[PDB]
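Okay, structure first, notes after.
Each answer follows from the model by the rule given with it, or from the source it names; none is laboratory data. Neighbour counts are summed over all protein chains in view; Cβ atoms, including those assigned to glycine, are modelled from backbone coordinates with ideal geometry.
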Protein chains: 4
Amino acid sequence: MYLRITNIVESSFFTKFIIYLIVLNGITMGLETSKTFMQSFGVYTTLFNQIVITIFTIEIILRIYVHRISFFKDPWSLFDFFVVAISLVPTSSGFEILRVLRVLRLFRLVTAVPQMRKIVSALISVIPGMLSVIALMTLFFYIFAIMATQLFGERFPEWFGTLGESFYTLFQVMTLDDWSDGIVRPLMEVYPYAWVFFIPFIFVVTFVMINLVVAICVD
Amino acid sequence: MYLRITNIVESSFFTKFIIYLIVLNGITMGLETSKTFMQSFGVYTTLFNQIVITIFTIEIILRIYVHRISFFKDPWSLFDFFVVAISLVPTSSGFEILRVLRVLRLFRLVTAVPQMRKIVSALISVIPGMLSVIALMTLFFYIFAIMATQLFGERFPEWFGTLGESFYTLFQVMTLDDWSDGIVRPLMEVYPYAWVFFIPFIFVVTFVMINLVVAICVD
Amino acid sequence: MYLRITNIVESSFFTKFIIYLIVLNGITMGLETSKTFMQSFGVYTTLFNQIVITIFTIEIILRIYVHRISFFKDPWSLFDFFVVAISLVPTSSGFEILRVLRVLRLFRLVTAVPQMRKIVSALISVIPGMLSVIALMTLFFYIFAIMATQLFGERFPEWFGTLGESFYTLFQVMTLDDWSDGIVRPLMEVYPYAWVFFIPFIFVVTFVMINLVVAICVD
Amino acid sequence: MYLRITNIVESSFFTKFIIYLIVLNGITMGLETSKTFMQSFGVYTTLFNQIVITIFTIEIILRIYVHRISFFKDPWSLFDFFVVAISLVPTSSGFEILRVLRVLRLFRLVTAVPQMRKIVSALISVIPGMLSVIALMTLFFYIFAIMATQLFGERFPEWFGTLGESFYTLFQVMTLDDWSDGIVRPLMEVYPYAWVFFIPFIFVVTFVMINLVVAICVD
């Protein structure tokens, strides 16, 4: 039966039938958003969904016989597996992000369709060249997040009260998001020199970030 | 008479006459801005305006006899047709954007003056090589926009209450506009973990955009 | 006496003496900032200031005899004349920005010291290659500034009430400065679709600007 | 005994033992952030800290015998000396930033591990080719900071009242942070033309910054 199904699975029809369902379930998921649409055709699309979920597990079963070990060493397939598994965790119990994480199956449109895979791959490939810098920065953040917690967290605990809070705030300063009127002018009403912490933080972090883009512009 | 007008239309004088009108009609449109000016020369200009609109339909009519089918296959010519067409819908009925969309005719200074054609074409030409990325992202936006509507739309309906609302908010976060103090800090007073949605969102989207600029800086 | 002074003017000591005065006068101007310093040594400083202003006119007089026409065809010389000229209009009358525009003489440090000249020249030289795009942009801004004034200036005159206000507001959206929570979200409370005006505006302008940087990242 | 210790110090075990304390002390410093953690194990980790602080002085003492003058001409070594010395200044007297500056020792993970060393060095190396620009800019900032103090500091002392405040505010406009709704729109309520100061300042400064990135994307 193997070559029979290996011929079904590898069929152009099959790959296109899946791509056809993704665009439908994506279109159908934009509709589940509408409280109006749901009052009318809610029962329709709850079923249609569970239907596609089966079809997708059947496929993942079919795809596994045909590829076996080869399949659990394919990034795009591994993905597809975990993304369908999520969609299988009952519409109940645990966390309800699991109900929400179901929308991640629409990323299969990236998986199932080449050129996308190409483009995603193109992107992902740039990351290893970035890991030295990314490491450097995270060390830097960690170091500064610590200083700030112990320098401003007493008076300013919303923003710096906890190590995690300082991380969030420092991230916000890095994106240069409302950094002065939002964080540093306030801080300075109590700690006049806080500028001595943040201006250097800004230079270094933006400098590094310029460098990193230039590196991605030469590899 | 065909060649008579093909020599009128194709004449340098004809083109320079048109360009001359555009600059005048453009100057006059900055004047229609002044409620003061309109109270004095308001009548002067409304007529000046209907005049140029005629002169331009005459030209488009002329330009078409000289080119026939070659014309409705020229971007720049097609443009001026539709742009002049907008300005033909009577000053009344329907929507009032049509009255406002008239000033689109000043883009004819781009259409009728070389160099601008060069630069605009330079620009437009870059877009095809971005279509793979642009799609990747729009798929991404669509996915996240759905996640956010169902994760935050009950408590935060201004920002995430509807799929389209979420598009806009997500757009704003992506342009890194007031994202933390404006949207996520508020969100977190109710959903402590919202940062788990927006920081990853910020990374991907900022990553992708650097790559896109670096790609353009290759092609 | 000509070659005598041409040997005075062209002397290393002369130039270095001038550069000496620039850095001294520049330091003195930072001190003129202090309301304290001025109560103490304000008199000390205003005389030294007028002294420097004399010396500089003397120099500029001398420099011209030694170059004649050659001088008023030197950008950097023209600058120095026009900068020293500003500092010559008496401490009284007309516009008082003239008292303030005096501090522009510290740009003589760019003018009198090479390498700076190099760097400045390096920068300025990039400009000609940008003028087609800068023209493109100004036309774009002019067209949208007009549309916005007539679409929004009635309900929102602070931001769009006048052609000039719209220019300013459009510039601000372009710097992506507080654009959503500051301008468009407000606008939309009255004009739900204003997003159809600003998102396209934002795309084009940010596109064009990226193109301009890559263009510069090639020449 | 020299070659004995020169074989202790230069050993793989030595180097990797130091790296072990850094990642341990660094972990231990994130924990001293928690006032919870400190209420239970505060005793443990103050001593652990003093332990590592001894070990680091012992090590720095050892490393100096092995290198003598060669060491005080190594940037990376000099660093570790200063950073350990900071951590020696008693947990008392003077200022409290010295207690806080202790966390700078976690930068030894950069110093004591290559690739980091490489990356940091790669970055720093880019700096000297920026110094003409960095200098140019600081002249410009100083000039405009002076102008602003005398144009806006009377009515607007929080933002432009003092030379240093003008520097800070100018920095913020340069990072394009809340500049319009935060500073210039306000300013314009009193000085209508303030846009004539900040728009040019924005152009020059944003221009220069683009040039500097393109420079770094050449060298």
Selection count, the stretch A:71-88, where residues are under 19 Å from A:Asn49 (Cβ atoms), touching a helix residue (DSSP H, G or I) at 6+ places or on another chain (Cβ under 6 Å) and small (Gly, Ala, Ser): 1
- prompt: Which ones in the stretch A:158-213 are among the β-branched types (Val, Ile, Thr) and away from chain B (no Cβ under 14 Å)?
  reply: A:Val190, A:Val196, A:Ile199, A:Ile202, A:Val204
task: Determine which member of the set D:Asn7, D:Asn49 is under 23 Å from A:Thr162 (Cβ atoms) and either in a helix (DSSP H, G or I) or touching a helix residue (DSSP H, G or I) at 6+ places or on another chain (Cβ under 7 Å) (or both).
output: D:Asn49
task: Go through (1) within 14 Å of another protein chain (Cβ to nearest Cβ); (2) surrounded by 15 or more Cβ atoms within 10 Å (Cβ to Cβ); (3) of a type outside the set (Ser, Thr, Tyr) and name the single condition A:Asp80 misses.
output: (1)
- prompt: Which of the residues spanning the stretch C:122-134 are within 11 Å of chain D (Cβ to nearest Cβ) and surrounded by fewer than 15 Cβ atoms within 10 Å (Cβ to Cβ)?
  reply: C:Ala122, C:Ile124, C:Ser125, C:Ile127, C:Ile134
message: Please count how many residues of the stretch B:135-146 are touching a residue at least 40 places away in the same chain (Cβ under 8 Å) and within 8 Å of another protein chain (Cβ to nearest Cβ).
response: 1
- prompt: Since A:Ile64 meets every condition but one in (1) of a type outside the set (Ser, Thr, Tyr); (2) surrounded by 16 or more Cβ atoms within 10 Å (Cβ to Cβ); (3) under 30 Å from B:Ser166 (Cβ atoms); (4) more than 23 Å from the chain's Cα centre (by Cα), which condition does it not meet?
  reply: (3)
- prompt: Across the stretch C:154-212, which residue is nearest to C:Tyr142 (Cα to Cα) among those that are among the hydroxyl-bearing types (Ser, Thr, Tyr) and without any contact (Cβ under 8 Å) to a residue 12 or more places away in the chain?
  reply: C:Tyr168
task: Confirm whether A:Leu101 is in contact with a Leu (Cβ under 8 Å, 6 or more places away or on another chain) and at the interface with chain B (Cβ under 10 Å from one of its Cβ atoms).
output: no
message: Could you check the stretch A:67-87 and list, in sequence order, the residues that are outside any loop (DSSP other than H, G, I, E, B), under 25 Å from the mean Cα position of the chain (by Cα) and more than 18 Å from A:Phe14 (Cα to Cα)?
response: A:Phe72, A:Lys73, A:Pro75, A:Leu78, A:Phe79, A:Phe82, A:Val83, A:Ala85, A:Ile86
query: Is it true that C:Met116 is without any contact (Cβ under 8 Å) to a residue 24 or more places away in the chain and closer than 16 Å to D:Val204 by Cα?
result: yes
field: Index of the failed condition, D:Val9 passing every other in (1) within 26 Å of A:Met147 (Cβ to Cβ); (2) of a type outside the set (D, E, K, R); (3) over 25 Å from the mean Cα position of the chain (by Cα); (4) surrounded by 15 or more Cβ atoms within 10 Å (Cβ to Cβ)
entry: (1)
query: Based on what the data block shows, is B:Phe17 in a helix (DSSP H, G or I) and either within 11 Å of another protein chain (Cβ to nearest Cβ) or at negative phi (or both)?
result: yes
- prompt: In this structure, is A:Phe41 among the aromatic types (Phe, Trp, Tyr), touching a helix residue (DSSP H, G or I) at 6+ places or on another chain (Cβ under 8 Å) and part of a helix (DSSP H, G or I)?
  reply: yes
- request: Identify, from the list B:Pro114, B:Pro90, the residue that is within 11 Å of another protein chain (Cβ to nearest Cβ) and assigned to a loop (DSSP other than H, G, I, E, B).
  value: B:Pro114
message: Quick check on my filter: what residues within the stretch D:12-26 are surrounded by 11 or more Cβ atoms within 10 Å (Cβ to Cβ) and among the hydrophobic types (A, V, I, L, M, F, W, C)?
response: D:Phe14, D:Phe17, D:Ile18, D:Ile19, D:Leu21, D:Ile22, D:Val23, D:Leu24
message: Of all residues being in contact (Cβ under 8 Å) with a residue 12 or more places away in the chain and away from chain A (no Cβ under 14 Å) in the stretch D:25-59, which is farthest from D:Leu109 (Cα to Cα)? Just the residue, please.
response: D:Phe48
message: For the condition out of contact with any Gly (no Cβ under 8 Å at 6 or more places or on another chain), of a type in the set (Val, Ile, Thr) and either over 28 Å from B:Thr6 (Cβ atoms) or not assigned by CATH to the domain that holds B:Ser12 (or both), what is the one hit in B:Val66, B:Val89?
response: B:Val89
